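So the sequence lines, in the order shown, correspond to chains H and D.
Be aware that the first sequence starts at 1, since it is given in this note's numbering, and climbs by one per residue.
Be aware that the second sequence starts at 1001, since it is given in this note's numbering, and climbs by one per residue.
Even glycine gets a Cβ: it sits at the ideal position worked out from N, Cα and C.
First comes the structure, then the notes that go with it.
Protein chains: 2
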Amino acid sequence: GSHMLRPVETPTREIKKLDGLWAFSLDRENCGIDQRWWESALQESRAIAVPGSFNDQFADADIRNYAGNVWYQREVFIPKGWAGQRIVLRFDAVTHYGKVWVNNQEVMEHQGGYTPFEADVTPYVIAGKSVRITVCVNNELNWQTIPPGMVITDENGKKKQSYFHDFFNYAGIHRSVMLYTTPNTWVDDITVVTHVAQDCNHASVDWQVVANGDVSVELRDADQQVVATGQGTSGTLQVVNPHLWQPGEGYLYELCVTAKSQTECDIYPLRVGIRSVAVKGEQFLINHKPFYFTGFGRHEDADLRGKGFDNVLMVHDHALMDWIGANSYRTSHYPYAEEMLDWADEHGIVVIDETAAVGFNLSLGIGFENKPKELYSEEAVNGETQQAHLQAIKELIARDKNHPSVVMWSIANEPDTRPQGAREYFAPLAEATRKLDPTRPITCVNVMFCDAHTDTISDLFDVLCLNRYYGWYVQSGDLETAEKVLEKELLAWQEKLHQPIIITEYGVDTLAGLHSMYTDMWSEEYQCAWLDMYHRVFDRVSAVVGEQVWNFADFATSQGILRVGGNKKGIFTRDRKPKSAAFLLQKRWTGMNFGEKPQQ
Amino acid sequence: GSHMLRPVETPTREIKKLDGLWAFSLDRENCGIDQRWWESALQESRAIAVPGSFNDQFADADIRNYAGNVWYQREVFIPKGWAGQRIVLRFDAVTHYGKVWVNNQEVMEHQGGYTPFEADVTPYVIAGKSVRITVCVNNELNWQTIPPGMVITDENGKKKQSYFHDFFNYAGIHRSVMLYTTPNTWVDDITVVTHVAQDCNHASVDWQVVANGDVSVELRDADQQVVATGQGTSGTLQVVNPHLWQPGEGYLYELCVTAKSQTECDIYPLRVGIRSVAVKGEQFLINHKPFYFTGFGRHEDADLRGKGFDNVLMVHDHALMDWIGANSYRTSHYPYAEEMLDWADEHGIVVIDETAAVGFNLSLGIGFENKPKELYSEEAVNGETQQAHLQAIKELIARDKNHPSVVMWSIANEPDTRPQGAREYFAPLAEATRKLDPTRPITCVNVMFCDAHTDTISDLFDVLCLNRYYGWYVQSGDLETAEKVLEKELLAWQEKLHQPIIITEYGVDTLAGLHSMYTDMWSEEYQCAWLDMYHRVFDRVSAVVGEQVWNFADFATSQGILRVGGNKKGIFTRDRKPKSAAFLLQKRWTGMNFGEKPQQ
Ligand SMILES: CCC[C@@H]1NC[C@@H](O)[C@H](O)[C@H]1C(=O)O
Ligand SMILES: CCC[C@@H]1NC[C@@H](O)[C@H](O)[C@H]1C(=O)O
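Okay, structure coming up:
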């Protein structure tokens, strides 16, 4: 993807613009573009908080289920001590589609809902005066979006969005908005890659695009003592005798790249961890040692902000995952806030990084009521779709490439691989991803009903990721049949592919408070029994190297007869209170040795 | 007390009269006695179920909180094949006060709310025709009732009942109503007492009042094979080599007493278990072996019947107590339905039998609002009161004397022994109880605030029963101070009295579903932590021989700022669903060896 690094603070800086309170108005009949609302202060507005989804801030179902365009707006005074500097305006996430006006000049456009976008806007502002930022946000999904969907227009012209993923289609500006200043010598991009041999010593090859001038680099210590130095726009190899990034700890050196121009200097510190991931046979190695993933599929979801990033929420949810014994998690169903990958970096949390490609499946929704008949087809998942997907992988890898916590990419989640053309679609995406980053493995999370004798595309990926729900959606309520089905299906996957197997979803809906002596579905007792049987089967299969229970907390979804106020598969309630199973896992995950598979 | 045995089925029988549907009407202005409503069919009635409390059958607060007289009524056809037989009409429990008319002849009167009452009514009916039963039920409590209370009349003359016990003052006909026929030779009463030496052999002395004729007895086997025979109105000793009644099993011989008159025979089978209870030093022996009580303080309380006896409820609640590992319980705060003591008899459940003497304490209610200033005084707990109490002990012992499950009598629960005259009151009651039955020990359950340096009456009883709530009502939320206070108070009791100590109440209010990471009051996590600390302290004190957590299920109480829909101290919800702590106890109570104290 296009060059981009996280704005970090050096002797050149940034001014936060998530002042929260912006002017918001929905655009019910698309009068916005016609009257180019970007030209004058928004007519009939109400205060909105940024970052946060717009759906639940007003406790009104008619905004919540709204489909179309919405408008955010805010004036800003640009500090004047920035004259003779390049001013860039970065949105870290505007969910689905966004385009923005610096009063009357349009600067940016973007269709990715969970990855940042910026543009050099130094020629459209001059320091000292205040300019109006106007943003147009679209929350519509068609077949060429990631994720896909179908907007449908009723007799009256009202839009209603249909999609094929579980979680609710929150929208708005979900993450940081930000003006930042950099010297006129550009450090546009950095790439770092790490190698190790027997933990004693090795090196970090390096590449850098620095648009405007000479580059020297110094890798410094936690003590910020210089441990090696390089020179050059690329190469930039140095060798060490380091303390290398390990799951329990997360030791981070600091790559200080300097960009000397003939008059201007530019300094960027990029945190690096010396880790080497690979897979060998049925083992997922990290610094040449097998690893056992424990933890969760998560979500960006809280009670009144939707998917809006929040620092308290990050701190408290890491406190819970740490207590519970989790050592890993995967950014379930879209790229997460980079704050979380920095956190995982500093604390040694291992992360499976996933794109927003969910809902490439029309076999999962179940009920009594027009979806296309060919998944892979011109009307549905098409060629435009494949390039949109490849673009989504491009942005995610472009943004999380140097993070030590990122240990694996996941292209998509639960696609249907039964129809022909599934492999036609996914093969070039797997190959392209492999060339965009050869450092980490490639996975594609596998859906329950593309079983081992049925799935078409798992050949193309390095590590097998399974979402299994025997005993819940099938064999409902019967632990003795679910155990057999699960164990032969696991052994089957192993015989078929001899890969490491990570169970990336396994869970059951559990109403907090619903208790039962009969250990039936929806009780806390059932959650415990079910997870516990699954754990015996994992412990009895050689190739399973990971367990991430399906959902850390309950989250919101679309309305339906299967979702009681949302998906209740969480170990914790949406307000982070523990169900009984929370103590089951805490007993397992801190009982085992760190990163080691329980020996049965 | 007056002679009475359970109606059991021989070649002379009984016809059940809990036909449920009776005519019920409340008597709002005491017009009942004046118009002697007993004379004609009840004016303006509604159907009521018998047995069951009248409070919650109609989902109406104005009947629920009603104080005064209520009227039940029902016609009955007396079977004619009963001519020349004695017909007796027995109410097994009419709660608080009851008096009854066989159409126009009044036959019975009773003030005990949980013990049966009958009367020979052979001269007031003749077999073949149908007579109307009319019952007047009073639910008022004054200072000479067991339990006591204060009715208070507002400006308008409406009664409202005030009391000083936790549970709600349910009323009505709570248990079996019953017409039964016996031959004109009376077996009015039987008493059986058991002795053992070294489990090899001994005897059961015996006494019998059989009003009308010669008596022979045969003690028969579970096989009903004759193992010994006696002759005489008393003495009736025989010696055995028996399999003796043990907690885990409950072996019951059958004492078949026959009453030969010159023309009529009468046969009564009375189930007996060969058990010997006593206390020695700090040990509670049963068949000369120390015992550890586990289990609950219970209640007669369910969701729509109030305190009405129900067979399903008995079967299901015994299934839960059996699963959970309980081996004992105590009939908390009133005599229970004899069905439950028969059950405990057959299954080997050990029972601490208690009278209805609760609320002899004006220091327990807490709030912001006229109770007497002297507990023991002429206006309050008086001499009439003491004779009423002695009468209550008389009836309970008279009815549960031959039950092997009954292992101890408890005169009262949580009286205040601080004021002078507490010992003046309770001493003659303790001595009288000891002469009414020397077979089993005597206890008086001790309230939290009459601590070891304060209590006045514990000298007078055999086994010390403690209700302790450190960490809940005092030291609220602090497990580390509650542990110290509890441990020194337990050791203090032991130094002071060198008796066996049974913790007969210990528990915390727990909202099912309320979970917390901070282990604070009202969460399930707090229930578990609290009970668990209490268990460490029990395990570290020599003299503690028993643990009965406070309440098996949540139950209803009077309204107040301290009771959220009732007392929430149950391990189970009112509809019998388990809280998290239910599995804590199940792990302890079935982990230990049966009847043995955990060795720490
Ligand atoms: C069989 C499909 C299961 C499905 N897997 C994807 C998750 O995004 C959903 O939350 C989960 C669920 O339905 O609970
Ligand atoms: C400190 C008195 C505690 C009291 N003990 C008697 C029981 O009948 C109550 O239910 C119990 C409670 O308050 O929970």
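key: Run of the alpha helix (DSSP H) containing residue 69(H), from where it starts to where it stops   = It is not in any alpha helix (DSSP H) - residue 69(H) instead sits in the beta strand (DSSP E) that spans 69 to 77.
request  = Determine the closest residue to residue 239(H) out of 306(H), 519(H) and 203(H), with distance taken between C-alpha atoms.
outcome  = Looking only at 306(H), 519(H) and 203(H), the smallest Cα-Cα distance to residue 239(H) is reached by 203(H).
query = When DSSP builds the beta bridges, which residues end up paired with residue 1572(D)?
reply = 1553(D) and 1578(D), per the DSSP bridge assignment.
query = In whole angstroms, what separates the C-alpha of residue 319(H) from that of residue 349(H)?
reply = Each residue's alpha carbon lies about 12 Å from the other.
inquiry  = Taking the straight line between their C-alpha atoms, what separation do you get for residue 217(H) and residue 327(H)?
reply    = So the two alpha carbons sit approximately 32 Å from each other.
inquiry  = Give me, in chain order, the residues of the same chain whose beta-carbon lies closer than 7 Å to that of residue 1011(D); leave out the 5 immediate sequence neighbours on both sides.
reply    = For residue 1011(D), where only same-chain residues beyond five positions count, the Cβ hits under 7 Å are 1267.
query = Does the segment 1265 to 1284 of chain D come close enough to the segment 1021 to 1034 of chain D that 3 or more CB-CB pairs lie under 8 Å?
reply = Touching, no.
request  = Classify residue 1458(D) as helix, strand or coil using the three-state DSSP reduction.
outcome  = Here residue 1458(D) sits in helix by DSSP.
query = With 16 as the cutoff for other CB atoms within 10 Å, does residue 332(H) come out buried or exposed?
reply = The residue in question, residue 332(H), is buried, as its Cβ has 16 or more Cβ neighbours within 10 Å.
message = Below 7 Å on C-beta distance, what does residue 1513(D) contact in chain H?
response = Those within 7 Å of residue 1513(D) in chain H are 512 and 513.
key: Residue burial classification, residue 126(H) (beta-carbon count within 10 angstroms, cutoff 16)   = With fewer than 16 other beta carbons inside 10 angstroms of its own, residue 126(H) counts as exposed.
query = With respect to 8 Å, is the separation between the Cβ of residue 498(H) and the closest non-hydrogen atom of ligand 1 below this value?
reply = Residue 498(H) has its Cβ no nearer than 8 Å to any heavy atom of ligand 1.
task = Taking a Cβ distance cut-off of 8 Å, strictly less, list which residues of the segment 109 to 126 of chain H are near chain D, in chain order.
result = Residues: none.
ask   = Terminal residues of the continuous alpha helix (DSSP H) containing residue 117(H)?
value = Per DSSP, residue 117(H) is not a residue of any alpha helix (DSSP H), being assigned neither H nor E.
query = the segment 1576 to 1593 of chain D: which residues have C-beta closer than 9 Å to a C-beta of chain H, in chain order?
reply = Residues passing the 9 Å Cβ filter: 1576, 1577, 1578, 1579, 1580, 1582 and 1583.
request  = Taking residue 1579(D) and residue 1525(D) to be in contact with their CB atoms under 8 Å, please state how far apart those CB atoms are, rounded to whole angstroms.
outcome  = Incorrect: roughly 10 Å between the Cβ atoms, too far for contact.
ask   = Which residues mark the beginning and the end of the alpha helix (DSSP H) in which residue 1538(D) is found?
value = Residues 1524 to 1539.
ask   = Using a threshold of 8 Å, is the CB atom of residue 558(H) nearer than that to any non-hydrogen atom of ligand 1?
value = Not one heavy atom of ligand 1 is found less than 8 Å from the C-beta of residue 558(H).
ask   = CA-CA distance, residue 255(H) and residue 394(H)?
value = Between residue 255(H) and residue 394(H), the C-alpha separation is close to 24 Å.
key: Chain-ordered chain D contacts of residue 150(H) [CB-CB under 7 Å]   = Within 7 Å Cβ-Cβ: nothing; residue 150(H) doesn't reach chain D, min ~38 Å.
message = Within a Cβ cutoff of 7 Å, which residues of the same chain sit near residue 1529(D), ignoring the five residues on either side of it in sequence?
response = Leaving aside the five residues that flank residue 1529(D) on each side, the residues in its chain whose CB is nearer than 7 Å to its CB run, in chain order, 1479 and 1519.
inquiry  = Using a Cβ-Cβ cutoff of 9 Å, what residues of the segment 396 to 410 of chain H are near chain D? List them in chain order.
reply    = Listed in sequence order: no entries.
query = Using the beta-carbon count (16 or more within 10 Å), is residue 154(H) buried or exposed?
reply = Residue 154(H) comes out exposed.
request  = Compile a chain-ordered list of the residues in the segment 1516 to 1527 of chain D whose CB is closer than 9 Å to at least one CB of chain H.
outcome  = So the list reads 1516, 1517, 1523, 1524 and 1525, given in the order they occur along the chain.
Any chain D beta carbon closer than 9 Å to residue 616(H) = Missing from the structure shown is residue 616(H); chain H here goes from 1 to 600 and no further.
ask   = Does DSSP put residue 446(H) in a helix, in a strand, or in coil?
value = Reduced to three states, the DSSP call for residue 446(H) is strand.
request  = Helix, strand or coil for residue 1023(D), going by three-state DSSP, please let me know.
outcome  = Strand.
task = Would you list the one or two residues that DSSP bridges to residue 1291(D)?
result = DSSP output for residue 1291(D) lists no bridge partner at all.
ask   = For ligand 2, any of its heavy atoms closer than 8 Å to the Cβ of residue 1550(D)?
value = Yes.
key: 9 Å Cβ cutoff met for residue 543(H) and residue 490(H)   = With a cutoff of 9 Å on beta-carbon distance, residue 543(H) and residue 490(H) are scored as near each other.
ask   = Excluding five sequence neighbours on each side, which residues of the same chain lie with their C-beta closer than 8 Å to the C-beta of residue 1532(D)?
value = Closer than 8 Å at the Cβ level, and outside the excluded window around residue 1532(D), lie 1584.
task = Under the assumption that residue 557(H) contacts residue 166(H) (Cβ atoms under 8 Å), give the Cβ distance between them as a whole number of angstroms.
result = About 5 Å separates the CB atoms of residue 557(H) and residue 166(H); that is less than 8 Å, so the two are in contact.
ask   = Can you find a C-beta in chain H that's less than 9 Å from the C-beta of residue 1320(D)?
value = Yes, residue 1320(D) lies at the interface with chain H (some Cβ there is under 9 Å from its Cβ).
query = Closest by CA to residue 1105(D), which one among 1591(D), 1548(D), 1120(D) and 1097(D)?
reply = Of all alpha-carbon atoms in 1591(D), 1548(D), 1120(D) and 1097(D), the one lying nearest the alpha-carbon of residue 1105(D) is that of 1120(D).
According to DSSP, residues forming a beta bridge with residue 1110(D) = 1098(D).
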